[PDB]
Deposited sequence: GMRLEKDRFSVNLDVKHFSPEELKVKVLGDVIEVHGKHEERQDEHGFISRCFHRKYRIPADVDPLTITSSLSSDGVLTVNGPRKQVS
């Protein structure tokens, strides 16, 4: 889920049923969105959508995301410091 810390935030999500091209992470103002969609056609569809609010002292430009080989997606960013 979402973890706020003193100098950063981080979101960690299990996405093991999705390949990278089926995943999208977006920042809109102080909202982070994560979407996953997998379809194939004898028809299978699965999707998810998560939204979290982030504190206003996070610069959206410094927000990054990575996907571990075990299917854990991380989204994180520093908060303004010093």
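Residues of the deposited sequence missing from the coordinate set occupy positions 42 to 45, 87.
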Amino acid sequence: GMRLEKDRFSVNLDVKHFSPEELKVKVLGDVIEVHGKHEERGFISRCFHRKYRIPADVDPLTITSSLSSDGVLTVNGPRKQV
From here on, numbers count along this sequence of modelled residues.
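Averaged over Cα atoms, the B-factor as recorded in the entry is higher for 68 to 76 than for the other of 7 to 15 and 68 to 76.
The entry assigns its greatest Cα B factor, within the set 50, 37, 41, 53, to 41. Among the modelled residues of its chain, residue 25 has a C-alpha B-factor that falls in the lowest third, as given in the PDB entry. Residue 63: CA B factor lies in the lowest third for its chain, per the PDB record.
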